[PDB]
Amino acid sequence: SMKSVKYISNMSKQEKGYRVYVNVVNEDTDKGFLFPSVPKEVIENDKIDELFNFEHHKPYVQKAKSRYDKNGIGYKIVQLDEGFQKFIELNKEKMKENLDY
């Protein structure tokens, strides 16, 4: 019905790459995708077009929420089109506190 919006809602720099959580939200449903280890080159170079070619778990479906401002640990949510680097620069100090940077 409507063009879905894609959100980067969580990021964590890990041993083998980045743990990334993405929410794909249309009028009715919120599809949450956990990517356990996105290669650092994809993250550093903002290769958002290729993200969904990498391993993720089956989507976790719930009804769409009213607001997508911040996640539970206070990170600012950004839309996927803004890039991984925008999420990182917005949340740099927050991520450092959690050892996610």
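Residue numbers here begin at 1 and follow the sequence given.
S.K.: What stretch has the higher average Cα B-factor here, 25-33 or 58-66?
M.R.: The deposited B-factors put 58-66 ahead on the C-alpha mean.
S.K.: According to the PDB entry, is the CA B factor of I48 in the bottom, middle or top third of its chain, that is, lowest, middle or highest?
M.R.: Within its chain, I48 is a middle-third residue by C-alpha B-factor, going by the deposited values.
S.K.: Would you check the entry's CA temperature factor for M2 and let me know if it's in the chain's lowest, middle or highest third?
M.R.: Tercile = highest for this residue's CA B-factor.
S.K.: C-alpha B factor of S9, ranked within the chain: lowest, middle or highest third?
M.R.: CA B-factor rank for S9: lowest third.
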